[PDB]
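Okay, run-v9.pdb is below, PDB, N, CA and C atoms and all ligand atoms:
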```pdb
MODEL        1
ATOM      1  N   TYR A   1     -24.004  -3.296   2.279
ATOM      2  CA  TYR A   1     -23.206  -2.101   1.874
ATOM      3  C   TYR A   1     -21.859  -2.507   1.280
ATOM      4  N   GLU A   2     -21.253  -1.594   0.523
ATOM      5  CA  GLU A   2     -19.973  -1.830  -0.137
ATOM      6  C   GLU A   2     -18.861  -1.270   0.743
ATOM      7  N   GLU A   3     -18.040  -2.159   1.295
ATOM      8  CA  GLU A   3     -16.971  -1.775   2.206
ATOM      9  C   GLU A   3     -15.697  -1.519   1.411
ATOM     10  N   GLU A   4     -15.159  -0.308   1.534
ATOM     11  CA  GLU A   4     -13.928   0.071   0.855
ATOM     12  C   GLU A   4     -12.743  -0.179   1.778
ATOM     13  N   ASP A   5     -11.745  -0.901   1.272
ATOM     14  CA  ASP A   5     -10.589  -1.282   2.068
ATOM     15  C   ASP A   5      -9.344  -1.236   1.196
ATOM     16  N   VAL A   6      -8.197  -1.057   1.846
ATOM     17  CA  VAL A   6      -6.896  -1.031   1.184
ATOM     18  C   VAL A   6      -6.106  -2.245   1.651
ATOM     19  N   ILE A   7      -5.747  -3.116   0.711
ATOM     20  CA  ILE A   7      -4.983  -4.321   1.007
ATOM     21  C   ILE A   7      -3.543  -4.120   0.561
ATOM     22  N   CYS A   8      -2.612  -4.571   1.396
ATOM     23  CA  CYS A   8      -1.191  -4.464   1.102
ATOM     24  C   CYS A   8      -0.811  -5.411  -0.030
ATOM     25  N   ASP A   9      -0.097  -4.890  -1.029
ATOM     26  CA  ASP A   9       0.373  -5.696  -2.151
ATOM     27  C   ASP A   9       1.585  -6.555  -1.804
ATOM     28  N   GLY A  10       1.878  -6.750  -0.521
ATOM     29  CA  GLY A  10       2.999  -7.573  -0.113
ATOM     30  C   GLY A  10       2.560  -8.732   0.757
ATOM     31  N   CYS A  11       1.934  -8.427   1.895
ATOM     32  CA  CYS A  11       1.384  -9.446   2.780
ATOM     33  C   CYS A  11      -0.072  -9.769   2.467
ATOM     34  N   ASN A  12      -0.694  -9.026   1.556
ATOM     35  CA  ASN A  12      -2.080  -9.208   1.134
ATOM     36  C   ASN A  12      -3.083  -9.075   2.273
ATOM     37  N   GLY A  13      -2.673  -8.535   3.415
ATOM     38  CA  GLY A  13      -3.609  -8.200   4.459
ATOM     39  C   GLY A  13      -4.053  -6.760   4.306
ATOM     40  N   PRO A  14      -5.019  -6.327   5.110
ATOM     41  CA  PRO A  14      -5.454  -4.931   5.032
ATOM     42  C   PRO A  14      -4.413  -4.001   5.636
ATOM     43  N   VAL A  15      -4.392  -2.774   5.126
ATOM     44  CA  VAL A  15      -3.437  -1.757   5.549
ATOM     45  C   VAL A  15      -4.019  -1.017   6.748
ATOM     46  N   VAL A  16      -3.408  -1.223   7.913
ATOM     47  CA  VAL A  16      -3.806  -0.570   9.153
ATOM     48  C   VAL A  16      -2.656   0.320   9.598
ATOM     49  N   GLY A  17      -2.975   1.563   9.927
ATOM     50  CA  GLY A  17      -1.966   2.546  10.283
ATOM     51  C   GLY A  17      -1.578   3.395   9.077
ATOM     52  N   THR A  18      -0.279   3.482   8.813
ATOM     53  CA  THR A  18       0.210   4.249   7.677
ATOM     54  C   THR A  18      -0.004   3.481   6.380
ATOM     55  N   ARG A  19      -0.432   4.198   5.344
ATOM     56  CA  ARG A  19      -0.637   3.631   4.015
ATOM     57  C   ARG A  19       0.421   4.197   3.080
ATOM     58  N   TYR A  20       1.187   3.312   2.452
ATOM     59  CA  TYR A  20       2.236   3.689   1.509
ATOM     60  C   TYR A  20       1.743   3.323   0.111
ATOM     61  N   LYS A  21       1.146   4.298  -0.571
ATOM     62  CA  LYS A  21       0.604   4.101  -1.909
ATOM     63  C   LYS A  21       1.608   4.597  -2.938
ATOM     64  N   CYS A  22       1.829   3.801  -3.978
ATOM     65  CA  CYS A  22       2.797   4.174  -4.996
ATOM     66  C   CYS A  22       2.264   5.346  -5.814
ATOM     67  N   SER A  23       3.149   6.296  -6.116
ATOM     68  CA  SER A  23       2.775   7.447  -6.927
ATOM     69  C   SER A  23       2.842   7.152  -8.417
ATOM     70  N   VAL A  24       3.554   6.097  -8.809
ATOM     71  CA  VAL A  24       3.739   5.764 -10.215
ATOM     72  C   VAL A  24       2.779   4.643 -10.584
ATOM     73  N   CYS A  25       2.934   3.488  -9.946
ATOM     74  CA  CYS A  25       2.056   2.368 -10.240
ATOM     75  C   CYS A  25       0.617   2.728  -9.881
ATOM     76  N   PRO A  26      -0.362   2.365 -10.712
ATOM     77  CA  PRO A  26      -1.762   2.612 -10.346
ATOM     78  C   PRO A  26      -2.270   1.518  -9.418
ATOM     79  N   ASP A  27      -2.783   1.923  -8.258
ATOM     80  CA  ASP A  27      -3.439   0.992  -7.343
ATOM     81  C   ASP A  27      -2.453  -0.033  -6.775
ATOM     82  N   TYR A  28      -1.362   0.465  -6.192
ATOM     83  CA  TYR A  28      -0.391  -0.371  -5.495
ATOM     84  C   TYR A  28      -0.169   0.205  -4.105
ATOM     85  N   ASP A  29      -0.276  -0.641  -3.081
ATOM     86  CA  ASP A  29      -0.186  -0.182  -1.702
ATOM     87  C   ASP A  29       0.607  -1.175  -0.865
ATOM     88  N   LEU A  30       1.334  -0.644   0.119
ATOM     89  CA  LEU A  30       2.086  -1.449   1.069
ATOM     90  C   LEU A  30       1.800  -0.985   2.490
ATOM     91  N   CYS A  31       1.857  -1.929   3.423
ATOM     92  CA  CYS A  31       1.762  -1.613   4.837
ATOM     93  C   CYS A  31       3.115  -1.126   5.356
ATOM     94  N   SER A  32       3.121  -0.661   6.607
ATOM     95  CA  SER A  32       4.356  -0.149   7.194
ATOM     96  C   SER A  32       5.434  -1.227   7.287
ATOM     97  N   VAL A  33       5.041  -2.487   7.477
ATOM     98  CA  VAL A  33       6.019  -3.571   7.568
ATOM     99  C   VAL A  33       6.644  -3.833   6.204
ATOM    100  N   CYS A  34       5.805  -4.126   5.208
ATOM    101  CA  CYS A  34       6.311  -4.406   3.870
ATOM    102  C   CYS A  34       7.111  -3.226   3.327
ATOM    103  N   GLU A  35       6.695  -2.000   3.651
ATOM    104  CA  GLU A  35       7.491  -0.835   3.275
ATOM    105  C   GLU A  35       8.863  -0.893   3.931
ATOM    106  N   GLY A  36       8.910  -1.252   5.216
ATOM    107  CA  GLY A  36      10.183  -1.361   5.908
ATOM    108  C   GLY A  36      11.093  -2.429   5.338
ATOM    109  N   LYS A  37      10.519  -3.482   4.758
ATOM    110  CA  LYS A  37      11.319  -4.556   4.184
ATOM    111  C   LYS A  37      11.806  -4.255   2.775
ATOM    112  N   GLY A  38      11.510  -3.073   2.243
ATOM    113  CA  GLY A  38      12.057  -2.672   0.965
ATOM    114  C   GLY A  38      11.329  -3.175  -0.259
ATOM    115  N   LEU A  39      10.042  -3.504  -0.155
ATOM    116  CA  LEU A  39       9.294  -3.877  -1.347
ATOM    117  C   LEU A  39       9.033  -2.641  -2.195
ATOM    118  N   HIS A  40       9.071  -2.817  -3.516
ATOM    119  CA  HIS A  40       8.652  -1.767  -4.443
ATOM    120  C   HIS A  40       9.362  -0.451  -4.142
ATOM    121  N   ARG A  41      10.620  -0.531  -3.701
ATOM    122  CA  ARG A  41      11.338   0.648  -3.230
ATOM    123  C   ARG A  41      11.863   1.532  -4.355
ATOM    124  N   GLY A  42      11.739   1.111  -5.610
ATOM    125  CA  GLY A  42      12.184   1.918  -6.729
ATOM    126  C   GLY A  42      11.198   2.958  -7.216
ATOM    127  N   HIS A  43      10.042   3.086  -6.568
ATOM    128  CA  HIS A  43       9.023   4.052  -6.955
ATOM    129  C   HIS A  43       8.685   4.957  -5.780
ATOM    130  N   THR A  44       8.447   6.232  -6.077
ATOM    131  CA  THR A  44       7.983   7.152  -5.052
ATOM    132  C   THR A  44       6.615   6.713  -4.549
ATOM    133  N   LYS A  45       6.408   6.838  -3.243
ATOM    134  CA  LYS A  45       5.156   6.447  -2.619
ATOM    135  C   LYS A  45       4.589   7.620  -1.835
ATOM    136  N   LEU A  46       3.282   7.557  -1.591
ATOM    137  CA  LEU A  46       2.574   8.540  -0.785
ATOM    138  C   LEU A  46       2.321   7.920   0.582
ATOM    139  N   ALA A  47       2.920   8.497   1.620
ATOM    140  CA  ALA A  47       2.779   7.994   2.983
ATOM    141  C   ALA A  47       1.842   8.922   3.753
ATOM    142  N   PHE A  48       0.550   8.615   3.725
ATOM    143  CA  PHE A  48      -0.436   9.338   4.513
ATOM    144  C   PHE A  48      -0.933   8.468   5.661
TER
HETATM  145 ZN    ZN B 101       2.103  -5.769   4.133
HETATM  146 ZN    ZN B 102       5.069   1.546  -8.448
ENDMDL
END
```

Re-express the file's structure as structure tokens.
Amino acid sequence: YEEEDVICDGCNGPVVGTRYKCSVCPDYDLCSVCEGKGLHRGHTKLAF
């Protein structure tokens, strides 16, 4: 089967917990840690 997963564009691990997906960049995601460290902070993100 094809497993769908979201990998953080900062630590390159999978996103567990909150997912911070950029609203501007296509297909860019950060985990809660990388988000806290201020990566990609110049773009609005979707925190679901
Ligand atoms: Zn991360
Ligand atoms: Zn972006």

Distance filter 8 Å around ligand ZN 101 (chain B), atoms: only N, CA and C atoms and all ligand atoms, out as number ranges by chain: A: 7-15, 29-35

Of the candidates A:46, A:22, A:16, A:39, which one gets nearest to ligand ZN 102 (chain B) if we count only C-alpha atoms and all ligand atoms? A:22

Dump the neighbourhood of ligand ZN 102 (chain B) as a ChimeraX atom specification: all residues within 12 Å, distances computed on only C-alpha atoms and all ligand atoms. /A:9,20-30,39-46

Could you please determine the separation between CA of residue 47 in chain A and CA of residue 3 in chain A in Å, to one decimal place?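 Calculated distance between CA of residue 47 in chain A and CA of residue 3 in chain A is 22.0 Å.
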
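A straight line drawn from atom N of residue 38 in chain A to atom N of residue 4 in chain A is 26.8 Å long.
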
As a short mmCIF file (atom, residue, chain, number, x, y, z; two decimals) with N, CA and C atoms, keeping the file's coordinate frame, please: every residue in chain A that a backbone DSSP assignment puts in strand (DSSP E or B).
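Listed below is the output, result_9.cif:
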```
data_model
loop_
_atom_site.label_atom_id
_atom_site.label_comp_id
_atom_site.auth_asym_id
_atom_site.auth_seq_id
_atom_site.Cartn_x
_atom_site.Cartn_y
_atom_site.Cartn_z
N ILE A 7 -5.75 -3.12 0.71
CA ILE A 7 -4.98 -4.32 1.01
C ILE A 7 -3.54 -4.12 0.56
N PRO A 14 -5.02 -6.33 5.11
CA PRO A 14 -5.45 -4.93 5.03
C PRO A 14 -4.41 -4.00 5.64
N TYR A 20 1.19 3.31 2.45
CA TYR A 20 2.24 3.69 1.51
C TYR A 20 1.74 3.32 0.11
N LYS A 21 1.15 4.30 -0.57
CA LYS A 21 0.60 4.10 -1.91
C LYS A 21 1.61 4.60 -2.94
N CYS A 22 1.83 3.80 -3.98
CA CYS A 22 2.80 4.17 -5.00
C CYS A 22 2.26 5.35 -5.81
N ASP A 29 -0.28 -0.64 -3.08
CA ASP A 29 -0.19 -0.18 -1.70
C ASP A 29 0.61 -1.18 -0.86
N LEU A 30 1.33 -0.64 0.12
CA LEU A 30 2.09 -1.45 1.07
C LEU A 30 1.80 -0.98 2.49
N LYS A 45 6.41 6.84 -3.24
CA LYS A 45 5.16 6.45 -2.62
C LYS A 45 4.59 7.62 -1.84
N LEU A 46 3.28 7.56 -1.59
CA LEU A 46 2.57 8.54 -0.78
C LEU A 46 2.32 7.92 0.58
N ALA A 47 2.92 8.50 1.62
CA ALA A 47 2.78 7.99 2.98
C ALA A 47 1.84 8.92 3.75
#
```

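As for atom C of residue 17 in chain A and atom C of residue 37 in chain A, they are spaced 16.7 Å apart.
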
Determine the axis-aligned bounding box of all atoms of range 9-19 of chain A present in the file, pad each side by 5 Å, and express its centre and edge lengths in Å to one decimal place as lines of an AutoDock Vina configuration file.
```
center_x = -1.2
center_y = -2.8
center_z = 4.1
size_x = 18.5
size_y = 24.0
size_z = 22.4
```

Write down as a list in words the residues of chain A whose backbone DSSP state falls under helix (DSSP H, G or I). residues 32, 33, 34, 35 and 36 of chain A

Save range 10-47 of chain A to disk from that block, N, CA, C and O atoms included, as an mmCIF file, in the first residue's frame.
```
data_model
loop_
_atom_site.group_PDB
_atom_site.id
_atom_site.type_symbol
_atom_site.label_atom_id
_atom_site.label_comp_id
_atom_site.auth_asym_id
_atom_site.auth_seq_id
_atom_site.Cartn_x
_atom_site.Cartn_y
_atom_site.Cartn_z
ATOM 1 N N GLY A 10 12.380 20.967 7.982
ATOM 2 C CA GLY A 10 13.461 21.499 8.786
ATOM 3 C C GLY A 10 14.331 20.400 9.358
ATOM 4 O O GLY A 10 15.537 20.357 9.095
ATOM 5 N N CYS A 11 13.732 19.507 10.148
ATOM 6 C CA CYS A 11 14.434 18.351 10.693
ATOM 7 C C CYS A 11 14.323 17.123 9.797
ATOM 8 O O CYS A 11 14.954 16.100 10.086
ATOM 9 N N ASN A 12 13.523 17.194 8.737
ATOM 10 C CA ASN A 12 13.312 16.115 7.776
ATOM 11 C C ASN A 12 12.758 14.843 8.405
ATOM 12 O O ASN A 12 12.799 13.779 7.774
ATOM 13 N N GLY A 13 12.255 14.913 9.633
ATOM 14 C CA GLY A 13 11.542 13.801 10.210
ATOM 15 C C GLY A 13 10.059 13.948 9.938
ATOM 16 O O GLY A 13 9.605 14.975 9.423
ATOM 17 N N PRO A 14 9.268 12.938 10.286
ATOM 18 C CA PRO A 14 7.822 13.048 10.085
ATOM 19 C C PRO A 14 7.201 14.001 11.094
ATOM 20 O O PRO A 14 7.696 14.177 12.209
ATOM 21 N N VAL A 15 6.100 14.619 10.680
ATOM 22 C CA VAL A 15 5.389 15.598 11.494
ATOM 23 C C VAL A 15 4.385 14.860 12.371
ATOM 24 O O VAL A 15 3.399 14.304 11.879
ATOM 25 N N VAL A 16 4.647 14.851 13.677
ATOM 26 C CA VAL A 16 3.779 14.225 14.664
ATOM 27 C C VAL A 16 3.245 15.322 15.573
ATOM 28 O O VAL A 16 4.014 16.150 16.076
ATOM 29 N N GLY A 17 1.938 15.319 15.784
ATOM 30 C CA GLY A 17 1.282 16.361 16.557
ATOM 31 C C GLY A 17 0.724 17.449 15.648
ATOM 32 O O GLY A 17 0.003 17.160 14.694
ATOM 33 N N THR A 18 1.070 18.697 15.945
ATOM 34 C CA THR A 18 0.613 19.819 15.138
ATOM 35 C C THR A 18 1.408 19.905 13.841
ATOM 36 O O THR A 18 2.628 19.716 13.829
ATOM 37 N N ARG A 19 0.706 20.184 12.746
ATOM 38 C CA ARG A 19 1.317 20.356 11.433
ATOM 39 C C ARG A 19 1.205 21.821 11.035
ATOM 40 O O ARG A 19 0.100 22.375 10.998
ATOM 41 N N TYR A 20 2.343 22.442 10.749
ATOM 42 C CA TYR A 20 2.408 23.840 10.334
ATOM 43 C C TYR A 20 2.747 23.857 8.846
ATOM 44 O O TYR A 20 3.915 23.800 8.459
ATOM 45 N N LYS A 21 1.712 23.934 8.012
ATOM 46 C CA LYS A 21 1.870 23.940 6.564
ATOM 47 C C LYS A 21 1.818 25.373 6.057
ATOM 48 O O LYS A 21 0.948 26.149 6.464
ATOM 49 N N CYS A 22 2.747 25.720 5.173
ATOM 50 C CA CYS A 22 2.798 27.078 4.657
ATOM 51 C C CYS A 22 1.611 27.327 3.733
ATOM 52 O O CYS A 22 1.234 26.468 2.931
ATOM 53 N N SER A 23 1.016 28.514 3.854
ATOM 54 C CA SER A 23 -0.104 28.890 3.001
ATOM 55 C C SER A 23 0.351 29.447 1.661
ATOM 56 O O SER A 23 -0.443 29.478 0.714
ATOM 57 N N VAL A 24 1.608 29.873 1.561
ATOM 58 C CA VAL A 24 2.127 30.486 0.346
ATOM 59 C C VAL A 24 2.929 29.448 -0.424
ATOM 60 O O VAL A 24 2.581 29.092 -1.555
ATOM 61 N N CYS A 25 4.002 28.952 0.181
ATOM 62 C CA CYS A 25 4.822 27.954 -0.486
ATOM 63 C C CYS A 25 4.000 26.692 -0.739
ATOM 64 O O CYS A 25 3.227 26.268 0.131
ATOM 65 N N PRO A 26 4.128 26.067 -1.911
ATOM 66 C CA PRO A 26 3.425 24.801 -2.145
ATOM 67 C C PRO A 26 4.206 23.639 -1.546
ATOM 68 O O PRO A 26 5.387 23.447 -1.848
ATOM 69 N N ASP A 27 3.544 22.867 -0.687
ATOM 70 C CA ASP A 27 4.127 21.638 -0.156
ATOM 71 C C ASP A 27 5.342 21.925 0.733
ATOM 72 O O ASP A 27 6.431 21.388 0.524
ATOM 73 N N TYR A 28 5.147 22.789 1.730
ATOM 74 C CA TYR A 28 6.164 23.072 2.735
ATOM 75 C C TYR A 28 5.544 22.894 4.113
ATOM 76 O O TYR A 28 4.484 23.463 4.394
ATOM 77 N N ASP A 29 6.204 22.119 4.973
ATOM 78 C CA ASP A 29 5.654 21.793 6.281
ATOM 79 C C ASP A 29 6.751 21.818 7.336
ATOM 80 O O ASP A 29 7.908 21.483 7.064
ATOM 81 N N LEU A 30 6.371 22.220 8.549
ATOM 82 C CA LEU A 30 7.266 22.225 9.696
ATOM 83 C C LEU A 30 6.591 21.562 10.889
ATOM 84 O O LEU A 30 5.368 21.620 11.045
ATOM 85 N N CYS A 31 7.405 20.932 11.730
ATOM 86 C CA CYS A 31 6.929 20.388 12.989
ATOM 87 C C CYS A 31 6.833 21.498 14.035
ATOM 88 O O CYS A 31 7.241 22.640 13.809
ATOM 89 N N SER A 32 6.264 21.155 15.193
ATOM 90 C CA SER A 32 6.100 22.145 16.254
ATOM 91 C C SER A 32 7.442 22.684 16.745
ATOM 92 O O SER A 32 7.531 23.848 17.150
ATOM 93 N N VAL A 33 8.493 21.863 16.713
ATOM 94 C CA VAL A 33 9.810 22.315 17.161
ATOM 95 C C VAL A 33 10.393 23.311 16.167
ATOM 96 O O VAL A 33 10.748 24.440 16.523
ATOM 97 N N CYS A 34 10.514 22.895 14.905
ATOM 98 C CA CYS A 34 11.073 23.773 13.885
ATOM 99 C C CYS A 34 10.261 25.057 13.760
ATOM 100 O O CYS A 34 10.821 26.136 13.532
ATOM 101 N N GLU A 35 8.939 24.968 13.925
ATOM 102 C CA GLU A 35 8.123 26.177 13.951
ATOM 103 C C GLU A 35 8.533 27.074 15.110
ATOM 104 O O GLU A 35 8.661 28.292 14.948
ATOM 105 N N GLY A 36 8.753 26.484 16.288
ATOM 106 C CA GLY A 36 9.176 27.264 17.439
ATOM 107 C C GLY A 36 10.527 27.927 17.257
ATOM 108 O O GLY A 36 10.790 28.979 17.847
ATOM 109 N N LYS A 37 11.405 27.326 16.457
ATOM 110 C CA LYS A 37 12.728 27.894 16.226
ATOM 111 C C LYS A 37 12.739 28.972 15.154
ATOM 112 O O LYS A 37 13.812 29.500 14.843
ATOM 113 N N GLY A 38 11.585 29.313 14.588
ATOM 114 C CA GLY A 38 11.508 30.423 13.662
ATOM 115 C C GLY A 38 11.886 30.125 12.232
ATOM 116 O O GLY A 38 12.283 31.046 11.511
ATOM 117 N N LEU A 39 11.789 28.873 11.785
ATOM 118 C CA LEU A 39 12.035 28.587 10.379
ATOM 119 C C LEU A 39 10.874 29.102 9.542
ATOM 120 O O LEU A 39 9.716 29.051 9.963
ATOM 121 N N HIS A 40 11.189 29.606 8.348
ATOM 122 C CA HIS A 40 10.164 29.956 7.367
ATOM 123 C C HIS A 40 9.107 30.871 7.978
ATOM 124 O O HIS A 40 7.924 30.791 7.638
ATOM 125 N N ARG A 41 9.525 31.748 8.895
ATOM 126 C CA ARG A 41 8.582 32.557 9.660
ATOM 127 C C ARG A 41 8.025 33.742 8.881
ATOM 128 O O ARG A 41 7.134 34.429 9.393
ATOM 129 N N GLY A 42 8.515 34.001 7.673
ATOM 130 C CA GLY A 42 8.006 35.091 6.864
ATOM 131 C C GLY A 42 6.769 34.777 6.051
ATOM 132 O O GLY A 42 6.296 35.640 5.305
ATOM 133 N N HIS A 43 6.224 33.568 6.169
ATOM 134 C CA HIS A 43 5.037 33.161 5.431
ATOM 135 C C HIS A 43 3.955 32.695 6.392
ATOM 136 O O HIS A 43 4.242 32.046 7.404
ATOM 137 N N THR A 44 2.706 33.022 6.067
ATOM 138 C CA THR A 44 1.587 32.512 6.842
ATOM 139 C C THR A 44 1.528 30.995 6.721
ATOM 140 O O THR A 44 1.770 30.429 5.652
ATOM 141 N N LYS A 45 1.210 30.336 7.831
ATOM 142 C CA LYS A 45 1.129 28.887 7.870
ATOM 143 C C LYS A 45 -0.237 28.467 8.391
ATOM 144 O O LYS A 45 -0.929 29.228 9.072
ATOM 145 N N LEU A 46 -0.605 27.228 8.073
ATOM 146 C CA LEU A 46 -1.837 26.617 8.550
ATOM 147 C C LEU A 46 -1.470 25.653 9.669
ATOM 148 O O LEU A 46 -0.766 24.666 9.432
ATOM 149 N N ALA A 47 -1.940 25.938 10.881
ATOM 150 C CA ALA A 47 -1.648 25.110 12.047
ATOM 151 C C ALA A 47 -2.895 24.299 12.394
ATOM 152 O O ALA A 47 -3.747 24.747 13.162
#
```
